[PDB]
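Colleague: Sharing a structure here in structure tokens format.
Ideal geometry is used to build each Cβ from the backbone, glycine not excepted, and the neighbour counts take in all protein chains shown. Laboratory data are not the source of any read-out in this text; all were calculated from the coordinates shown.
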């Protein structure tokens, strides 16, 4: 950084903060003051790029002044994520006492560099976002090639993967310590992305959505009761949907909403995403050199009443899953696809038959993202798998609920009460009916009240 | 009464723990792996006992306290300081570097107060004592004086011999201190040590059950030599793109034809863990053999002694 | 002017010919195989030329005559004596043993005036110098005499110390020369050398196209160590009965977990040739590197020094 005299910075409450693309970045509290601006233009002889900042933040920066950072970097005990953030921070403060012998609490940047949609398309391109109300808007954040590359490795690494010219694209997930998730697509160099490295982040934000999301108009209360039922008698279900229609959220919602306190449940994920407020539960995560099948295969082995597979992507595990369905477990999982040939095709291509999946799969929800300019809508577009047919086209499917987008409504399409009968008896069937019509936003509390 | 363990054997085990812990494995699983990869029983046996305390919920520092004859108070306190501050990973890296410097320094006095301190006093004055004792065999030697001179003049004339003794000392001190334009051509590249450490770390994380790519992402953050770190980032980038591990290695001179050919077998065999364990043991033993740090001692040892004796005679 | 080939490289190739010829392969097919399994070009290139003369009908002795700078007159005459008497197989076995003894003897003078010579003078007298140094620190030590005795008596009484010095020398010479009741427990079992030879022989006959069982029947007749011969007869008997090769091996301690795991991959892949060739070259390099050869030095090093010092003390 450089200004004219320190006194002039303090008097006018402005501070240069960089030089990029032949221009001097000047943080300025009073950008309407043409006298001060023209004084800086004449005294520096440099073309300015003005950035507005809060007066006291500018003053603080003037008195405080990427170097203190150049040294705190060589402190391995800082980047280490194995260390709780509460302590790590302390080291950074005490280590910073080196320069001036105080503790600075809350260095914004020193922390900012150690500890719903973000589109980062290329080099020297302003980031775009999707705001909860404003939708697609441009942003005041741009990175040139070096900064892009650095972000790109940062995000890649925090998501647990190693992007490089050898492996230029990366479709991972960041686990925010607040248990929260986000989908990250990412590209290094320009081999796939001529416009330079780039990243996209579709934020989750989690702590897991509940059935309180008939607020969000996604699934009607009636259908959620039908699923509540369904999940109690162990009807197996897969949530299908194109990318980011809500598959994982919806799944987690359905398991979370049920009282699972009296049943042993039992989950296998490539990484954590599933939060459940339930006690009898075994959470299982893929580790180095394990296939999804290793964990499912050895897990079905114990006695799970309910099995949750994050998402079927090696179908050698898929096979174990539908096997679990045919012994009579309650299995549930997610699948990337947009309709019925999408899934069935997708499911059949590592060697499960539709007699085994469709015959033992009970329900298949299809999730969507509907957009009407700036509303962001996630809806269950639609599916009851009746079974197989001897001499056929196979997959016998009875569509219970469709979603009409023109009126944003869920219609019943030829489903009858005689369909969902599938009960071992009269008393069981009666219980289903009561839950049908007879059957507080937080997950802990909601689980707490489905429990009852 | 119980003894510790060898400098070599503390080394191997502190390195391999620092490596696993900095990989984000659970501490108990780190402990299990190094025990299960150990060749001596006494190490595998202890490390099962240290792990047994860690699974009861004790800190690593408090679990190592069951072996105070092996991990001294300074070692535990370093661990416990790391555990109290949230820096167990970086204090284990420090301890691994410490143990490596300790073993290397041990081999390298002894080769050709502990043993190093007692042997280093003892070598530094052996000769200069010989010398003073030949020059104390009576009077009227080569270069002396008669005893009746005034003391100050007698002592100043001998200054020759006082000097030849100090030079003898400086030399044996130098041998004990040392001994324990194309700009890119001038950078220190990967050595034998750095390949041995790499191979041990990878042999270690594979034998434990981590995949190749998870082990490489950890290793690429814990490699000390910058050029090797750049090499390993390129190997990991190549493998993550779908290139075969032996083919990413074959691009880099530091991996011999035998290393690559052996790794290339391990890929087709699902036995990379162990291919790496045998490679690493081979390298660790080649490292500790690598012998000129002891011959050059002796060159300056007797060469200086003889220079003194010649000096006054003349 | 042309040079021969390395002692290592003559070794490998004479062993692998003796092995193939004693297997009853045709001499030209033996020649083809070792050429085709060679890693250096100069070897593969010659052996194609030696084979080219053998296919014109010349004896092996007369075909090797095209490389008199590599196979000396004594080598050819041994071959030709074998060819004239109908004993080519047993003279090649003799020549392979000869070449192995020659390479081992070469490594082992040279290893460590070079560095080995300077370090070996320097170690052989270090102690006996220390000794003469402490015994020259004046008069009236432990065991001495006063200087006024007659010289011959003084020297004869010290004979104790002159003797403790010579013994010190003989010891460090022995360590440098060597080094470069349960009755069955006492028999020499398979070593590293014997496993390396076995693996090379089998890698060799498999790469040539012989089946596993034909290679094992030849090998079981050409194995030098009796306990290994008994092991290999049991492995061949097991395989011929329909047991899987890795399972006959896994019964015998001499094959590590990996040798077995690697062989077990080779069975399912139809690549046992490639597996055995890489196992063999790994072993051959482990052999020529080769840790107890250095610890036992030091045992006798300081142990003798200390025995001298104690000797006169008393």
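Colleague: How high is the FRET efficiency from residue A:444 to residue A:327, r the C-beta distance, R0 35 Å, rounded to 0.05?
Modeller: Working: r = 32 Å, r/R0 = 0.91.
The value I calculate is 0.65.
Colleague: Taking N as the number of residues in the range B:215-314, what is its alpha-carbon radius of gyration divided by 2.2 N^0.38 Å?
Modeller: 1.75
Colleague: Using all Cα-Cα distances in chain A, what percent lands in each 20 angstrom bin from 0 up to the longest?
Modeller: Reading the bins upward from 0: 20, 45, 25, 9, 0.
Colleague: Now a separate question. In nm², what is the average projected area of the convex hull enclosing the Cα atoms of the range B:265-314? All intermediate terms of the calculation are to be shown ahead of the outcome.
Modeller: Values: hull surface 16.1 nm².
Quarter of the Cα hull surface area: 4.0 nm².
Colleague: Could you pull the Cα extents of the range A:53-133 along its three principal axes, largest to smallest, in whole Å?
Modeller: Answer, in whole Å and largest first: 44, 37, 26 Å.
Colleague: Using only the C-alpha atoms of the range A:312-445, find the volume of their convex hull and express it per residue in Å³. Could you put the intermediate results ahead of the total?
Modeller: Details: hull volume 25.0 nm³, N = 134.
Roughly 187 Å³ of hull volume per residue.
Colleague: When all C-alpha to C-alpha distances in chain B are sorted into bins of 10 Å, what percent of pairs does each bin hold, rounded to whole numbers?
Modeller: 5, 21, 23, 19, 13, 9, 6, 2, 0
Colleague: Go through A:202-213, A:248-259 and give me the packing order, highest mean Cβ count within 10 Å leading.
Modeller: Numbers: A:202-213: 18.8, A:248-259: 22.8.
Per-residue Cβ counts within 10 Å, averaged per peptide and sorted highest first, yield A:248-259, A:202-213.
Colleague: Modelled label-to-label distance, residue A:216 and residue A:52, 7 Å Cα→beta-carbon offset: nm?
Modeller: 3.3
Colleague: Using packing as a proxy for protection, rank B:215-221, A:132-138, C:231-237 so that the peptide with the highest average count of other Cβ atoms within 10 Å comes first.
Modeller: In descending order of packing, they fall as B:215-221, C:231-237, A:132-138.
Colleague: Still on this model: Given the C-alpha centroids of the range C:132-183 and the range B:103-146, what is the distance between them in whole angstrom?
Modeller: Using only Cα atoms to place each centre, the spacing works out to 19 Å.
Colleague: Express as a percent, rounded to the nearest 5, the fraction of DSSP beta bridges in the protein assembly as shown (both residues included) that run antiparallel.
Modeller: On the way: 41 of 68 bridges.
Looking only at bridges with both residues in the protein assembly as shown, the antiparallel portion is about 60 percent.
Colleague: Per the Kirkwood treatment, what hydrodynamic radius in Å, one decimal, follows for the range A:264-316 from the mean inverse distance over all distinct Cα pairs?
Modeller: Values: mean 1/r = 0.0886 Å⁻¹.
About 11.3 Å for the range A:264-316.
Colleague: What translational diffusion coefficient, to the nearest whole µm²/s, does the range A:194-235 have by Stokes-Einstein, given a Kirkwood radius computed over alpha-carbon pairs, a temperature of 20 °C and 1.002 mPa s viscosity?
Modeller: Values: Rh = 13.4 Å.
Rounded, D is 160 µm²/s.
Colleague: Residue by residue through B:84-92, how many Cβ atoms from other chains fall within 10 Å of the Cβ on average? Working shown, then result.
Modeller: Details: counts 1, 7, 13, 10, 4, 7, 9, 2, 0.
Per-residue shielding by partner chains comes out at 6.
Colleague: Give the peptides A:409-416, A:52-59, A:287-294, A:263-270 in descending order of average Cβ contacts within 10 Å, highest first.
Modeller: On the way: A:409-416: 13.0, A:52-59: 14.5, A:287-294: 17.4, A:263-270: 21.2.
Peptide ranking by packing, descending: A:263-270, A:287-294, A:52-59, A:409-416.
Colleague: Also, I was wondering about something else. Could you tell me how far the Cα centroid of the range B:184-238 sits from the Cα centroid of the range A:332-360, in Å?
Modeller: A separation of 41 Å, based on Cα centres.
Colleague: Label residue A:145 and residue A:127 with points 7 Å out from Cα along Cα→Cβ: what is the distance between them in nm?
Modeller: Result: 2.2 nm between the two label points.
Colleague: Quick one: P(r) of the range B:105-187 from all Cα-Cα pairs, 5 Å bins, percents rounded to integers, in order of increasing distance.
Modeller: 3, 12, 17, 16, 11, 10, 9, 8, 6, 3, 2, 2, 1, 0
Colleague: Right, another one. Kindly provide the helix-only [θ] at 222 nm of chain A, computed as the sum of -39,500 (n - 2.57) over DSSP H runs of four or more divided by all residues, to the nearest 500 deg cm²/dmol? If you can, show how the numbers build up before the last one.
Modeller: Values: 16 runs with 148 residues, N = 452.
Computed ellipticity for chain A at 222 nm equals -9500 deg cm²/dmol.
Colleague: If you line up the Cα atoms of the range B:17-108 on their principal axes, what length do they span on each, largest first, in Å?
Modeller: In descending order, the Cα extents are 40, 32, 26 Å.
Colleague: Could you pull the Cα extents of the range A:1-64 along its three principal axes, largest to smallest, in whole Å?
Modeller: Computed over the range A:1-64, the largest-to-smallest principal extents equal 27, 23, 20 Å.
Colleague: Taking 41 Å as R0, compute the FRET efficiency from the Cβ-Cβ separation of residue C:89 and residue B:191 and round it to 0.05. Each step should come with its number before you reach the end.
Modeller: Working: r = 47 Å, r/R0 = 1.16.
For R0 = 41 Å, the calculated efficiency reads 0.30.
Colleague: What does the structure give for B:262-269 when I average, per residue, the other chain Cβ atoms found within 10 Å of the residue Cβ? Walk me through the numbers before you get to the answer.
Modeller: On the way: counts 5, 0, 2, 10, 5, 0, 7, 11.
Across B:262-269, the average partner-chain Cβ count within 10 Å equals 5.
Colleague: Points 7 angstrom from Cα along the Cβ direction at residue C:72 and residue C:299: gap in nanometres?
Modeller: Output for this residue pair reads 3.7 nm.
Colleague: Still on this structure, please answer the following. Take the Cα of residue B:111, step 7 Å along the line toward its Cβ, and report every residue of the range B:1-21 whose backbone nitrogen sits under 13 Å from that point.
Modeller: none
Colleague: Mean projection of the alpha-carbon convex hull of the range A:304-376 over all orientations, in nm²?
Modeller: Working: hull surface 22.8 nm².
Seen from a random direction, the Cα hull of the range A:304-376 projects 5.7 nm² on average.
Colleague: If you don't mind, there's one more thing I want to ask. Can you give the FRET efficiency for residue A:70 and residue A:423, using 1/(1 + (r/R0)^6), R0 = 51 Å, r = Cβ-Cβ distance, to the nearest 0.05? The partial results should precede the final answer.
Modeller: Working: r = 69 Å, r/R0 = 1.36.
With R0 = 51 Å, the Cβ-Cβ based efficiency is 0.15.
Colleague: Looking only at other chains, what is the average number of their beta-carbon atoms within 10 angstrom of each beta-carbon in B:207-218? Before the final figure, lay out each step's value.
Modeller: On the way: counts 0, 3, 4, 4, 5, 2, 5, 6, 2, 1, 5, 1.
Mean partner-chain Cβ count within 10 Å for B:207-218: 3.
Colleague: Which shape class, rounded, prolate or oblate, goes with the range C:199-248 when its Cα gyration tensor gives a ≥ b ≥ c as root eigenvalues, a/c under 1.5 marks rounded, and past that a/b bigger than b/c marks prolate?
Modeller: On the way: a/c = 1.91, a/b = 1.06, b/c = 1.81.
Oblate is the answer for the range C:199-248, as a/c is 1.5 or above yet b/c matches or exceeds a/b.
Colleague: Would you calculate a helix-derived [θ] at 222 nm for chain B, using -39,500 (n - 2.57) for each DSSP H run of n ≥ 4 and dividing by the full residue count, to the nearest 500?
Modeller: Details: 16 runs with 222 residues, N = 314.
So the calculated ellipticity at 222 nm is -23000 deg cm²/dmol.
Colleague: In angstroms, what radius of gyration and Dmax does the protein assembly as shown have, counting Cα atoms only?
Modeller: Cα only, the protein assembly as shown: 39.2, 132 Å (Rg, Dmax).
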